[PDB]
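Report on the following structure.
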Amino acid sequence: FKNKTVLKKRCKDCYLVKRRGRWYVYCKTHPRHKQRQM
Amino acid sequence: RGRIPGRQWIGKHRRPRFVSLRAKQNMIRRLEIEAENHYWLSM
Amino acid sequence: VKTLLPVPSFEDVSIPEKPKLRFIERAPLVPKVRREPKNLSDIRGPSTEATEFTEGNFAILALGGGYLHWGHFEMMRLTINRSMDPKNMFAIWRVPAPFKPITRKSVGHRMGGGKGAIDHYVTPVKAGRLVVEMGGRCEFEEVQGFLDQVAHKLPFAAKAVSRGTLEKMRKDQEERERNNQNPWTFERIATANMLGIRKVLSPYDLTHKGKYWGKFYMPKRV
Amino acid sequence: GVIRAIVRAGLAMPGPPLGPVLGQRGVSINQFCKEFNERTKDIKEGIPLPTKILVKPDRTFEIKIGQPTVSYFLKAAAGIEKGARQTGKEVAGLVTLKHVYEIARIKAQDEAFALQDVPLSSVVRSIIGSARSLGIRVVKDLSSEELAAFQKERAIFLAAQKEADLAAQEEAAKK
Amino acid sequence: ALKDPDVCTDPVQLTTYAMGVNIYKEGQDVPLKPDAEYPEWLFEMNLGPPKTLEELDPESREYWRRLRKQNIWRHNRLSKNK
Amino acid sequence: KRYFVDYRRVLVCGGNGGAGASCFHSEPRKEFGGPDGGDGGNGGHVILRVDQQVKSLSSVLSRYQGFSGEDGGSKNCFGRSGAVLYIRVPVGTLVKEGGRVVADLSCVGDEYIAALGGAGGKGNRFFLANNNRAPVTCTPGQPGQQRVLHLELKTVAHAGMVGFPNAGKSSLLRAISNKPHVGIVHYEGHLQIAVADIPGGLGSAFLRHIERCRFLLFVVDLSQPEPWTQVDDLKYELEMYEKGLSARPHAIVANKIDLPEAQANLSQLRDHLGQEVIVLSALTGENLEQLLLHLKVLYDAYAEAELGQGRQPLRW
Amino acid sequence: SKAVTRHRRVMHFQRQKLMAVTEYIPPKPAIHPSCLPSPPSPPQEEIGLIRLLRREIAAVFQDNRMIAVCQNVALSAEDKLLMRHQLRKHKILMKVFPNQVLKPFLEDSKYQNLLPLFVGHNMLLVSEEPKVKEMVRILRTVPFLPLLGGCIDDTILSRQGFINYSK
Amino acid sequence: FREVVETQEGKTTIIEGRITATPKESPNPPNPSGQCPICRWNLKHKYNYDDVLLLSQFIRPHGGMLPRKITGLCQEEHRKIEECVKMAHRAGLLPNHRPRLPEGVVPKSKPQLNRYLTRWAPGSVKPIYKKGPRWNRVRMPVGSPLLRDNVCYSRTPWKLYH
Amino acid sequence: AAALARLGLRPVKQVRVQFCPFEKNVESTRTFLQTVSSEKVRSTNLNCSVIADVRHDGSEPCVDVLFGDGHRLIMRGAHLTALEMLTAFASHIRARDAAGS
RNA sequence: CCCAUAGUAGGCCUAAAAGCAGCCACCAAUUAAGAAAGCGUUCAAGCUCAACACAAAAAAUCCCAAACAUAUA
RNA sequence: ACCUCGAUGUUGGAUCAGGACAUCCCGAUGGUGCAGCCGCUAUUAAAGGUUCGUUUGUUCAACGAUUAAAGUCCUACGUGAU
Ligand SMILES: Nc1nc2c(ncn2[C@@H]2O[C@H](COP(=O)(O)OP(=O)(O)O)[C@@H](O)[C@H]2O)c(=O)[nH]1
Ligand code: FES
Ligand SMILES: [K+]
Ligand SMILES: [Mg+2]
Ligand SMILES: [Mg+2]
Ligand SMILES: [Mg+2]
Ligand SMILES: [Mg+2]
Ligand SMILES: [Mg+2]
Ligand SMILES: [Mg+2]
Ligand SMILES: [Mg+2]
Ligand SMILES: [Mg+2]
Ligand SMILES: [Zn+2]
């Protein structure tokens, strides 16, 4: 998880999801693509 | 918490002041009176 | 069946011999021995020059005042040349080289001592002035990607536009003034000295009409 | 898996480039070279032959041979040894439309065209644009009177490339 | 090491016989046939540059092939910066 | 994608020293304290420390940045020196700059400096003297040394598995252990001998990396139509790079005998009888102990040669 | 402070009240335009490709007398081309046309009862000479390829009708 | 509506689709000229989260929102109804549209806290420890901004932040 | 197509799909056969076969799936969409595979 | 969402660099497909797409009025 | 240069510390060019802890030996009617 003010998908497998009040980026193919809205 | 540096209403960093709803209405009421004064001075 | 429409052809478009932006020097060739007053009014109010396209079709519109120094030019020059196609794109400078001297005293300077030594040069820019203009065998979407990146690093609020977008932006503001349902406008009150409002206004406010406050330009003000 | 590549006729080598490619799949390199050479004995050696390789799960291979590339047909028909460095600004070769019809009559018998079952009119039309890439220009009517002048002038231009090519190498040595 | 087969350089031979057609060693060169024997569609093809979009008839597949190809060119340029 | 650790190019960036404060002290009474800027702290050094615990150079970091020394403060406060950085390297690692042999590592505990940390700039108080009552000059901190390191670790391969691909070198390596791949053979007497193979001619780069071995094992598939021809080509390619590598003891090994059972090809190798060959199957693990016992004796001679060299025989 | 500042200088309260009163007020329609019935859309001129398909489609129903309607399954391109090569041997064409173009043609035409067949990915097997027997055995190689039906000699027939005609 | 039932007899599974009774729209709409069912009945800006009668007609039996293309609502009113449905479940006004609980699951006893006009999900809200100064107060959202244009019969407009 | 290929027809033995093309309630059934007969799905399990029998008896369309364990799955596509049929079919693939292994 | 076979590893130059090291030209079989817009290979392989069909925040004693979306200005 | 020129000299230490978290250690959790140990980085966490010495007025720093760690600061650069 890397905090980013602007969340950008890094590949076709990244998908946005709204959880716990802030948007998250999940990517099972690339675990390093995970991001948390700051 | 919430300190405003220096004095409140003077300086570079002043305490913000906001216009209320009745404050707008009071100014509009003043404008309407003066807008009518422009009419009676044109004749 | 997916809809198919004709697309414009840029075959007639011609490219100059130097599509890339020319290098910008730190200082002009002739130094200014005499110092100048600050004159902050040179970045205040709407721009009266370089407000229309000359050769290209897309340009970076400046929506505020500011000063461009040698560092700002290098960021724009390096970014645009690398990210553009020399074969089908070209760019020109719509602002002059840094000419206004900026005097900064040495650290530890107390009040007094006269004007400080000249430190660097800047190029004042007013709101509504085009900074960098581009054109050639390219659409607006092709250049909008990195032009917004270049405009984002400018010291003032800027935005990439085209001939159509800029025209539409101006027409939208003209439309807003016409259909505005508010019976009171800044121009009407300021000019007529209603409520004695000119006591807290400025002589420039008679011409700016409330759309300019300091170096900041407000597009939403009618 | 299926691997497709162009291999010189009768000149298959155990080494690169197809050597390491076959090593990864586990296909016997020497058996492929033996079968290819024994199958391409009838065809003249050195002719570029596009090959399609079928790999079985038990590391068993069955080579497949198709018609030679159109570039060989076009260059040989015009006598040109090597394609032009630039296209459109210069003319490399010169062939007739009769050359294309004789070339297409056999090139259309390959696996690709046979499965599509397209008329030879479309096959000839695809070769015309292929000669454009090589720089060869196709004329409806041609005679040896005008062919001998173009080929003579082509060698003059080729000699100019030799002067430029040798100049670049000499500059590289000085660096 | 691997090189293309040597091609003869003789204007007389090139016009009379097509060298690339014959690929078998025991085979012989295929002589070119006269003009009358070749079909009609061979000598009416577009040897020069392709016809532009305006020159093509709208009620034809080749006209829409050109337009579709240009749309692919337009899409690629847009995706290049992205 | 797991590989044995080999020559890896690492980057080291030494710490840069801090600059001086260059300030003047004031107190209520004297009102002219004088210069009071403290000297900047020295940058940290990057040291390659030999550790016997790490047999393999697994710890390969992309970059190495030393802690920059803090700049000096007021009241003659000297800056703190940057913390030193230690890198774990196996015994016998060769460090070079790509142009010459810089240094070699003898044994565990040896420390070698690979990136000097920057010096700390003097504060304005350092220049204070009787003649210079009010110095204002300060010394900028010297930047730390940043250089590219070509860490070369001699691969610990008491045995070298060489041969044309698809012969089964990697499969055999997996059996005895149970782009170079290295395994270990554990034998009686607590004796460990390692064996290396590089799964993909074979190239000069492969030969140079496989040169750092002590014994060479040739693998030739039994299904090969001409096993002797494969032997010569591998030897000739190695001999072309260096005739001395051929003088090293070798053992021709026939592989994949379980399923093909090509006894006719087996007799061909025995017919030539250039040297004592070993016939085994990597897949089924047949007759492996026969060669492994012989391999251990072969390395015993190399330990005697290590005594002549004087270098430690790699822990065994 | 200076008249022009890098930061947003705070306005005088009288000026700030003036700015707030003189704010743009967009006109508000009495009824939102979305809720009112939108005017009919302007006519769309037919694409030249669409009018080209109609001429080509009409030729198929007129030139060749046997037309076979099948579902163009998601077969592999190698296997889909191989069957087309088998069909080309017996002079059988495999034409594919969009449903949104073909349906309007059959809406007002002799072949009006073939409309429900064209739902999804469909393909047309046509030939001047009705070689039904040779076609059926080609399609039997793949049990998952359905034969929807066809119309031979202006007579609509189902899959079983082709089987009887083939025999 | 349509229902799907699976009955297994003799280790063989059979899936069937059976049509059920479908409710019909009430005749004589007040505004036939409307585009979506909201303004067709002059219900625009005239419903709130507590009008469960209107909200129940656009929800699934398990409380899920219905698609926009099925109900035929416009984009503007679908979002307004979507927020009113969310606030209806949180206010406890929809006890018959609870989520389906899989077999072998018994929900734990949890603090029964009465609430209404809840914009955000309760589990995703952090407490406001630092209120801040008067000019920079951290207000607590009440209601939903999408209902800002609702018909207000009071002179004071809706207060969406406390 | 892609969704079912990730799962694979490993436990599936035979698939039989029947429909009446002339009827107006076989759209999902034909589209279901489109996904099953795809090369990606069929390449996973060569042993599994796909059977398509067209009839003109005016009968309702149904899909029969035969598994190795012997259980059968019957899906009547007259009043079921392609996505519903695929989801129901793919669900049994995971259940039977886990039971078999 | 679905899908992708082919004149071909387009030539030049390059150890070979093939749509993707670079470059000259960018036609063309087929219902419909870039002499390739991105990734992955020493180079190839593999892949996607285009095509047919369907808008942030953190400092030091302890947050800081209490609160309240709906009765006609 | 606004407050203090009609009795606070300042620095450092001793004593006792309250507080911030931008976390040095202990706790929880993503990523990793994370095999495992070590590491790096990010989110969360201030309940608890954060050494003794040589030269130096020292703050700081140098190195001496350690420790799970020897945190960054603020507090009238805390505290001198202690
Ligand atoms: N039957 C048999 N097959 C073998 C044997 N050794 C290796 N293989 C096969 O060789 C393949 C692996 O080859 P590889 O180790 O990569 O060959 P290398 O490149 O020379 O190292 C495996 O798929 C095995 O099936 C053996 O002793 N017997
Ligand atoms: S279209 Fe009128 S409220 Fe929906
Ligand atoms: K006192
Ligand atoms: Mg104050
Ligand atoms: Mg291998
Ligand atoms: Mg002033
Ligand atoms: Mg697509
Ligand atoms: Mg924290
Ligand atoms: Mg003090
Ligand atoms: Mg004190
Ligand atoms: Mg005191
Ligand atoms: Zn991703």
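Protein chains in written order, with the authors' numbering: chain 4, 66 to 103; chain o, 9 to 51; chain N, 30 to 251; chain J, 18 to 192; chain l, 55 to 136; chain t, 69 to 246, 260 to 281, 291 to 406; chain I, 30 to 196; chain r, 35 to 196; chain k, 2 to 102. Built from N, CA and C at the ideal position, the CB exists for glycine as well.
* To do: Using only the heavy atoms of ligand 2, determine whether one of them is closer than 6 Å to the beta carbon of residue 129 (chain I).
  => no
* **Short Cβ contact (7 Å threshold) for residue 126 (chain N) with residue 72 (chain N)** => no
* Using a Cβ cut-off of 7 Å (strictly closer), state whether residue 45 (chain r) contacts chain k. => yes
* Under 8 Å by Cβ, that's how I've got residue 85 (chain t) and residue 191 (chain t) pegged, so tell me the actual separation to the nearest angstrom. => The pair is not a contact, with the Cβ atoms about 12 Å apart (cut-off 8 Å).
* **Test item: CB-CB of residue 93 (chain I) and residue 163 (chain I) under 7 Å** => no
* For ligand 12, is there a heavy atom less than 6 Å away from the beta-carbon of residue 75 (chain 4)? -> Checking every heavy atom of ligand 12 against the Cβ of residue 75 (chain 4), one is found closer than 6 Å.
* **First and last residue of the uninterrupted alpha helix (DSSP H) at residue 86 (chain k)** => 83-101
* Any chain J beta carbon closer than 7 Å to residue 103 (chain t) -> So, not an interface residue.
* List the endpoints of the continuous alpha helix (DSSP H) containing residue 391 (chain t). => 378-399
* To do: If I'm right that residue 279 (chain t) touches residue 321 (chain t) with Cβ under 8 Å, what's the distance once you round it to whole angstroms?
  => Actually they are not in contact, since the Cβ atoms of residue 279 (chain t) and residue 321 (chain t) sit about 18 Å apart, beyond 8 Å.
* Applying the criterion that 16 or more other CB atoms from any shown protein chain within 10 Å of the CB defines a buried residue, is residue 95 (chain I) buried or exposed? -> Classification of residue 95 (chain I): buried, given that the 10 Å Cβ count is 16 or more.
* Asked: Whose CA, out of 124 (chain J), 84 (chain J), 172 (chain J) and 115 (chain J), lies closest to the CA of residue 64 (chain l)?
  -> 172 (chain J)
* **Beta-carbon contacts of residue 251 (chain N) that lie in its chain and below 7 Å, excluding the five residues immediately before and after** => 205, 206, 209 and 214
* residue 40 (chain o), enclosing alpha helix (DSSP H) - first and last residue -> 29-48
* Asked: Could you give the distance in angstroms between the alpha-carbon of residue 32 (chain J) and the alpha-carbon of residue 291 (chain t)?
  -> 6 Å
* Sorted by chain position, which residues of the same chain lie with C-beta nearer than 7 Å to residue 54 (chain J)'s C-beta, five sequence neighbours on each side aside? -> 27 and 29
* Closer than 9 Å at the beta carbon, the chain I residues around residue 113 (chain l) -> 77, 78, 80, 81 and 84
* To do: Tell me, to the nearest whole angstrom, how far the beta carbon of residue 215 (chain t) is from that of residue 155 (chain t); I am working on the premise that it is less than 8 Å.
  => Between residue 155 (chain t) and residue 215 (chain t) the Cβ distance is about 14 Å, and since that is not below 8 Å, they are no contact.
* Asked: Along the region 158-190 of chain r, what residues have a CB closer than 8 Å to any CB found in chain 4?
  -> 158, 159 and 160
* Contacts of residue 85 (chain 4) in chain r (Cβ-Cβ under 8 Å) -> 157 and 158
* **For residue 226 (chain t), the first and last residue of its enclosing alpha helix (DSSP H)** => Note, residue 226 (chain t): premise wrong, no alpha helix (DSSP H); not H, not E.
* Asked: Should the region 226-241 of chain t be called in touch with the region 262-277 of chain t, which here means at least 3 C-beta pairs below 8 Å?
  -> yes
* Taking the continuous alpha helix (DSSP H) assigned at residue 84 (chain t), which residues delimit it? -> Careful: residue 84 (chain t) lies outside any alpha helix (DSSP H) and carries neither H nor E.
* Is residue 185 (chain t) near residue 113 (chain t), with beta carbons less than 7 Å apart? -> yes
* **C-beta contact flag for residue 167 (chain t) and residue 153 (chain t) at 7 Å** => no
* Name the chain N residues whose beta carbon is nearer than 7 Å to that of residue 42 (chain o)? -> By Cβ distance, chain N contributes 223 and 224.
* Asked: Considering residue 63 (chain k), what are the terminal residues of the beta strand (DSSP E) in which it resides?
  -> Its beta strand (DSSP E) spans residues 63-68.
* To do: Say whether chain r places a C-beta atom closer than 7 Å to the C-beta of residue 10 (chain o).
  => Yes, residue 10 (chain o) lies at the interface with chain r (some Cβ there is under 7 Å from its Cβ).
* Asked: If you measure from the CB of residue 111 (chain r), is any heavy atom of ligand 2 nearer than 6 Å?
  -> yes
* Asked: In this structure, does DSSP put residue 42 (chain I) in helix, strand or coil?
  -> Residue 42 (chain I): helix per DSSP, three-state reduction.
* CA-to-CA distance, residue 37 (chain k) to residue 318 (chain t), given in whole angstroms -> 53 Å
* Asked: Which same chain residues, not among the five before or five after residue 30 (chain k), have their C-beta less than 6 Å away from its C-beta?
  -> 20, 62 and 78
* With DSSP as the reference, label residue 71 (chain r) as helix, strand or coil. => helix
* **Within 7 Å of chain J by C-beta, residues of the region 227-239 of chain t in sequence order** => 233 and 234
* Residues bridged to residue 17 (chain k) (per DSSP) -> 52 (chain k) and 65 (chain k)
* **Closer than 8 Å at the beta carbon, the chain l residues around residue 70 (chain J)** => Within 8 Å Cβ-Cβ: nothing; residue 70 (chain J) doesn't reach chain l, min ~18 Å.
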